[PDB]
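Shown here is one chain on its own, the form deposited in one PDB entry, set out as structure tokens.
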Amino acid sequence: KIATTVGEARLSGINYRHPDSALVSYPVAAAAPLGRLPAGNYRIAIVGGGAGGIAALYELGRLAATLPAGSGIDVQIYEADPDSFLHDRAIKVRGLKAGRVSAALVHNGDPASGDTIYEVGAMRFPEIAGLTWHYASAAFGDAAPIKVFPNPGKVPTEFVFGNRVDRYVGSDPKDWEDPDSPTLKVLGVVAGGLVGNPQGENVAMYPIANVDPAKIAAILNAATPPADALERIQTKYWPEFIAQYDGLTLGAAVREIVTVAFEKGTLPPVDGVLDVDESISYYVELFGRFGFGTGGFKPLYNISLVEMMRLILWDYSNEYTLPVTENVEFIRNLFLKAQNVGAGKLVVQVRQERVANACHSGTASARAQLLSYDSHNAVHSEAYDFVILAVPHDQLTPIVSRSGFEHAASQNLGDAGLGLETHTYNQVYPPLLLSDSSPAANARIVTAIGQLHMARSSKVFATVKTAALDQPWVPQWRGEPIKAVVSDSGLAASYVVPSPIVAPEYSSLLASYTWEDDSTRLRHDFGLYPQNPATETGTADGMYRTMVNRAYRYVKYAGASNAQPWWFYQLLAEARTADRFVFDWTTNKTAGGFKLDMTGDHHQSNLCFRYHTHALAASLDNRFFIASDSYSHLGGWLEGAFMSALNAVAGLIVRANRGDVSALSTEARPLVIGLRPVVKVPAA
């Protein structure tokens, strides 16, 4: 039942269909090349060399290999990040980034003999992330081993909220230090209320198709679901869940569930002195700090219930590591495999340039324009047949929003406010061209992108000897030291992760992984932005001491009368002086870590998710596709970036075939036709 290889994870999730694309398993669609292109020699640009852009590249290689003699695809990949792996063909980061897949290598002067790795971005991958594991198999093979990520509850964990302390492993009470814990009670209440039961009675508060989510998850994951079941989910039942609940936050939902349980007596008054509302609030906040298996979701309480429900259906917390020293190896290997699978019909060149503007212009064959700046701030303009914009929403905004919403006789585009050189384009149309005649349609896509919510996030890391965990001052529970700490100290979630360079002498002390307001509260103490140290040889000692100081709290435990400073203070202070670190995604050019939808945001994110369906309108000469987790219903996951890349390439095939969906494979067609179109066109 635990997956032990890439192939086992891949096979586990191969059928799973997400509710906003319920007609299609993306892994099934991706089993063969997505479609066919007319003969020709294509000039394509990919803006961004992260997971989205590289998966797009790989699918373009699969397509290229199918082209006849004399045909081919040329791809220019634009990648502005100087630390990208694409430009590399104490704490080191150079060459160890693929966007938000980002490693920091801790070493003593020889990077080939390092101590540990900090996974600064992506680090844990759901078992049923079928497209993720599909690409991991391309990158590593099915035989490559994987491990269970040491999430709270997967390893012995300490939880602290207010006066409550718990030590536990799992959800079986036998393995909680307090089997009567209120934390375990509230967790069961909120799980019953949100997830419900896969068999028998329906007990969940927010049904889908009148039944518990657990039952719908099993349909969505079935190899061969009943006839019409996926269509009815896609067109009726999931839309009706959205209509009902997209205006309800996660935090509001938690409070509704707790309120009913408190009224029923499942959750008792917290002590004899708290009033009703106080007890209810206590339980909401207690559950908020505890979470669903990856730490407290209190900071995520403003997300739509719809967003949480996507994660529930997907069983998101059951996660694994990759068969790597650094997660960037996945994206690097996928980039290499893209070129291999092209069979010499795909040519790729990397540009170390920042794209500033996209548009359609002129009357030549290649009308999709990109304006960029190189490392010396010199301007470059290039025209393409098709472009895939593989950057998240805040980075996309300046590229697509500054050219207006209709034809312009001429525009002098570029970063004029920076004093950089502009380029005159003539007969200009916006890049995200939904209409030849409606500025509002063109404005809807741009304004949607610009108002998506990028969740704030930060990670504080240090290096510690793994043997520190064996000290008598580190609690043991069920035979192992505590290695995960979820707390209301300001640190939020902390992990002591064994080094993957190897038991290893060293561990990565992920002292704090924060989201949203938890991250905001820390940010004044980071010192340098987005990274401290900014240099390879420095150490963020001052910053880290502010984190240790947040752990300098007197914590009362049931096992001792005289409360003492929290043991975790001591553990954080056991980290070595060198190689103390923070990265703040919020002050990175991404303007945060990843998209999470607020109430109402579905209307914006789903427009982005469906945008590639513009290809159905043959009379609309739109050459631009988008590919990022920002344009998915899995912001915060490689799976979302990969799904958006698949959408982008499917749309590109349809556009290249001048609206003919038959150019898509049987299994890939639903990537376009299973969604509500963004342009109205005739039936069939």
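Just count from 1 along the sequence shown to find any residue number. Whichever C-alpha set is largest while still superposing within 1.5 Å between the two forms counts as the rigid core.
Absent from the display: the form deposited in another entry. The rest refers to it.
When the two forms are overlaid on the rigid core, CA displacement between this form and the one not shown of 2 Å or more is confined, within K215, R610, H453, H107, to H107. If you fit the rigid core between this form and the one not shown, you'll see the Cα of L96 move by 2 angstroms or more.
Put the two forms on the same core and the Cα of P198 is off by less than 2 Å between this form and the one not shown.
Annotation for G72: C-alpha shift under 2 angstroms between this form and the one not shown, rigid core superposed. Figure legend: C-alpha atoms of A615 and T363, shown here, are separated by at least 3 angstroms less in the other entry.
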